[PDB]
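First the structure, in the form of structure tokens, and then the observations on it.
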Amino acid sequence: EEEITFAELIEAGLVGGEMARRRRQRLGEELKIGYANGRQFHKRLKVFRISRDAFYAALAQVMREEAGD
Amino acid sequence: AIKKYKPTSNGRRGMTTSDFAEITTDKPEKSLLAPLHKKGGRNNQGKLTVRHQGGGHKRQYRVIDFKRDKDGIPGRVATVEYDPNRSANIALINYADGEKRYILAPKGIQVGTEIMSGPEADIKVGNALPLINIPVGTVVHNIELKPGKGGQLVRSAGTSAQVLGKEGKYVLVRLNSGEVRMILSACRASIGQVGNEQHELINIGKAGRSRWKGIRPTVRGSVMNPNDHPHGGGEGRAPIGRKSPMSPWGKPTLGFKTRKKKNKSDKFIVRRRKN
Amino acid sequence: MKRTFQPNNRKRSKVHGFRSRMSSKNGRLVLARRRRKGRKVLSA
RNA sequence: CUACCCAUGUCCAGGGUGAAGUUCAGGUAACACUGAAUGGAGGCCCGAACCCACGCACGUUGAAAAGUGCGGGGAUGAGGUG
RNA sequence: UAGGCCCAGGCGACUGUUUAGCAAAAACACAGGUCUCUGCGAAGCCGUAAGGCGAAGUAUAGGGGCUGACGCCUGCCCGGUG
Ligand SMILES: [Mg+2]
Ligand SMILES: [Mg+2]
Ligand SMILES: [Mg+2]
Ligand SMILES: [Mg+2]
Ligand SMILES: [Mg+2]
Ligand SMILES: [Mg+2]
Ligand SMILES: [Mg+2]
Ligand SMILES: [Mg+2]
Ligand SMILES: [Mg+2]
Ligand SMILES: [Mg+2]
Ligand SMILES: [Mg+2]
Ligand SMILES: [Mg+2]
Ligand SMILES: [Mg+2]
Ligand SMILES: [Mg+2]
Ligand SMILES: [Mg+2]
Ligand SMILES: [Mg+2]
Ligand SMILES: [Mg+2]
Ligand SMILES: [Mg+2]
Ligand SMILES: [Mg+2]
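The listed protein sequences correspond, in order, to chains A, W and r. The first sequence: position 67 = 184 (the authors' numbering), numbered continuously. The second sequence: position 38 = 39 (the authors' numbering), numbered continuously. The third sequence: position 40 = 40 (the authors' numbering), numbered continuously.
Structure below.
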């Protein structure tokens with residue numbers, strides 16, 4: 118039942134600009150689902166049926182490499 | 002179904018074969034053939050460049066519509082014939098304006114049904130239409146990559162691919178090998194799964210039966226001279242005397258990926274196949 | 001005992017013939033050599 | 001000449017055995033099956049032409065720079081041959 | 001003119017192929033099994049390049065490695081090398 122919502126992607130900082138483009142360019146390949154836009158990214162999340170916890174784990178991961186993991 | 006021969010001799014000991022339950026006729030349409038001579042794996046220099054090929058029963062090529070562009074015109078299934086070049090079976094269509102064509106016969110269909118091929122045909126086996134007008138979750142076969150070129154993706158007997166969602170000008174599609182890939186939304190596709198799925202269970206039975214499908218014997222590498230293969234020579238039944246098994250042209254042949262690194266299509270492959 | 005030489009004329013002319021010799025630079029070299037030596041039979 | 005491939009032709013006396021299927025019956029819950037008739041499958045059997053080359057003997061400045069004689073193998077096929 | 005037969009074991013499942021001219025086999029092949037690469041201008045291969053085979057095929061398809069009908073099975077080790 119929509120383990121992830123669109124507002125989650127929004128608050129994750131995944132909206133336009135350059136920083137959010139880097140955010141998606143990282144997160145996508147960190148999930149092996151390639152690149153997308155916001156809506157396309159959400160639809161890919163839905164179609165591959167990936168779990169919320171692994172999504173958050175990779176989120177924290179890519180923030181750490183952003184912060185110098 | 003599958004017919005099993007009774008073991009009257011060592012020849013047919015385990016042999017089995019199909020039964021052609023669906024073939025409705027036995028004479029091809031005359032005005033739809035073309036000459037075709039086998040080539041025995043020899044390029045335009047008369048040199049052998051592909052081993053294990055040659056001989057076999059003479060065939061005659063049927064011409065098949067892979068574009069399926071005639072639209073708005075309701076065709077009609079007439080027969081289901083047997084094609085010695087494909088692996089699947091082909092059907093004959095009678096368009097209501099007097100024209101006859103061959104179609105890869107998907108499973109389920111039988112003589113009498115109707116066909117439409119426009120971007121307005123409804124979701125139904127046999128019909129064809131561009132990918133955009135196709136709802137999500139349906140199975141599909143005979144996919145094409147460049148618009149207006151004709152299908153060249155999943156095509157053999159029993160294969161079937163699936164649609165997975167819409168995008169701007171691309172579509173997410175999972176192929177038969179479990180690979181996922183974006184595809185231009187303007188291409189056409191063919192509903193339903195290719196019939197004749199039992200084709201994978203057939204047991205050949207005896208050497209001659211593969212001989213007369215144009216297949217020649219293959220000599221294992223480990224029994225040649227060292228002059229002819231990186232496996233040659235030895236005590237006499239000696240193991241691989243190298244760090245990895247190698248192709249006859251000196252290249253590793255276990256797990257050594259070969260897809261080109263700088264391919265100009267990787268931007269369309271979202272999930273490489275797994276196994 | 002099927003010996004090596006099985007005579008035939010069409011084959012001979014299509015292989016060692018004159019018009020085949022005058023069909024490539026090397027054949028013309030052969031003909032020039034034969035002429036220079038002075039042989040009485042250029043081709044076959 | 002020999003190795004493999006491509007296109008187009010052609011050759012294989014004669015006799016056995018009897019798969020599937022079909023039709024009858026019995027049979028069973030109909031089936032499982034059993035028994036007859038029909039049918040004519042098979043890298044099936046025996047054996048000439050043809051192809052091959054397992055044993056022995058002879059020959060070894062030979063009839064012959066690889067043969068002959070008596071036996072041997074396949075013989076509708078992964079056939080032989082122009 | 002016209003099959004000697006029988007009782008035991010080893011090897012190879014079988015019909016087949018092989019050192020023209022000292023080796024016909026337990027060697028090769030094979031039907032089956034398994035591993036691996038390949039999303040289509042596919043991978044591989046020939047060619048310096050055009051041009052081709054693969055294939056007028058599309059993962060139930062194609063190439064490569066090992067094993068070699070069928071029945072019962074294929075144990076432990078990832079330090080080293082790939
Ligand atoms: Mg091969
Ligand atoms: Mg068999
Ligand atoms: Mg050897
Ligand atoms: Mg070497
Ligand atoms: Mg060695
Ligand atoms: Mg026989
Ligand atoms: Mg021989
Ligand atoms: Mg004799
Ligand atoms: Mg015999
Ligand atoms: Mg044997
Ligand atoms: Mg034998
Ligand atoms: Mg010898
Ligand atoms: Mg012997
Ligand atoms: Mg011998
Ligand atoms: Mg095999
Ligand atoms: Mg071509
Ligand atoms: Mg072996
Ligand atoms: Mg063994
Ligand atoms: Mg083991």
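The beta-carbon is built from N, C-alpha and C at its ideal position, and this holds for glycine as well.
Delimiting residues of the beta strand (DSSP E) encompassing W:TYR103:
Counted from its first residue, the second sequence places residue 103 of chain W at position 102. Counting along the chain, the beta strand (DSSP E) containing W:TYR103 begins and ends at 100–105.
Residues of chain W with CB closer than 8 angstroms to the CB of A:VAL164, please, in chain order.
Numbered from 1 along the first sequence, position 47 holds the residue referred to as residue 164 of chain A. What A:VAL164 touches in chain W: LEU165, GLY166 and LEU173.
Confirm, please, whether the CB-CB distance from W:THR26 to W:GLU82 is below 7 angstroms.
Numbered from its first residue, the second sequence carries residue 82 of chain W at position 81. Numbered from its first residue, the second sequence carries residue 26 of chain W at position 25. Closer than 7 angstroms, so yes.
Just how far apart, CA to CA, sit W:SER266 and W:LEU146?
Here residue 266 of chain W refers to the residue found at position 265 when the second sequence is read from its first residue. Here residue 146 of chain W refers to the residue found at position 145 when the second sequence is read from its first residue. About 12 angstroms.
Taking 7 angstroms as the CB-CB cut-off, is W:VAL271 touching chain A?
What you label residue 271 of chain W is simply residue 270 of the second sequence in a count that begins at 1. So yes, W:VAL271 belongs to the interface.
Should the region 61–78 of chain W be called in touch with the region 104–123 of chain W, which here means at least 3 C-beta pairs below 8 angstroms?
yes
Would A:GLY151 pass as an interface residue toward chain W - the criterion being a Cβ-Cβ separation below 7 angstroms?
The sequence position of residue 151 of chain A within the first sequence is 34, counting from 1. Yes, A:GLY151 lies at the interface with chain W (some Cβ there is under 7 angstroms from its Cβ).
Helix, strand or coil for W:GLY76 per DSSP?
The count along the second sequence starts at 1 and reaches residue 76 of chain W at position 75. The answer is strand: DSSP assigns W:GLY76 an E or B state.
Quick check on W:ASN134: does DSSP put it in helix, strand or coil?
For this step, residue 134 of chain W is matched to residue 133 along the second sequence. DSSP places W:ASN134 in helix when its eight states are reduced to three.
Alpha helix (DSSP H) segment containing A:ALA129, residue limits
Residue numbering aside, residue 129 of chain A sits at position 12 when the first sequence is read from its first letter. That residue, A:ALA129, is in no alpha helix (DSSP H); it is neither H nor E in DSSP.
Can you check the region 164–226 of chain W for any alpha helix (DSSP H) of at least 4 residues that lies completely inside it and give the ranges in chain order?
208–212
Excluding the 5 residues preceding and the 5 following A:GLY145 in the sequence, name in chain order all residues of the same chain whose CB lies nearer than 6 angstroms to its CB.
Taking the first sequence and counting its residues from 1, one reaches residue 145 of chain A at position 28. Cβ neighbours of A:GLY145 beyond the five flanking positions: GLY151 and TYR152.
Extent of the continuous beta strand (DSSP E) to which W:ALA92 belongs:
What you label residue 92 of chain W is simply residue 91 of the second sequence in a count that begins at 1. W:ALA92 -> beta strand (DSSP E) spans 90–96.
Is it a yes or a no for the region 88–104 of chain W touching the region 60–72 of chain W, going by three-plus beta-carbon pairs under 8 angstroms?
yes
Beta-carbon proximity of W:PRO148 to W:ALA187, cut-off 7 angstroms:
For the purposes of this step, residue 148 of chain W is taken as residue 147 along the second sequence, with counting starting at 1. For the purposes of this step, residue 187 of chain W is taken as residue 186 along the second sequence, with counting starting at 1. Cβ distance < 7 angstroms, so W:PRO148 and W:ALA187 count as in contact.
What residues match up with W:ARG43 in a beta bridge as DSSP calls it?
By one-based count along the second sequence, residue 43 of chain W stands at place 42. Paired residue(s): W:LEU49.
Would the region 4–17 of chain W count as touching the region 196–206 of chain W if we require 3 or more Cβ pairs under 8 angstroms?
yes
Less than 7 angstroms between the beta carbons of A:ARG139 and A:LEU131, yes or no?
Within the first sequence, the letter at position 22 stands for residue 139 of chain A. Within the first sequence, the letter at position 14 stands for residue 131 of chain A. Cβ atoms of A:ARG139 and A:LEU131: not closer than 7 angstroms.
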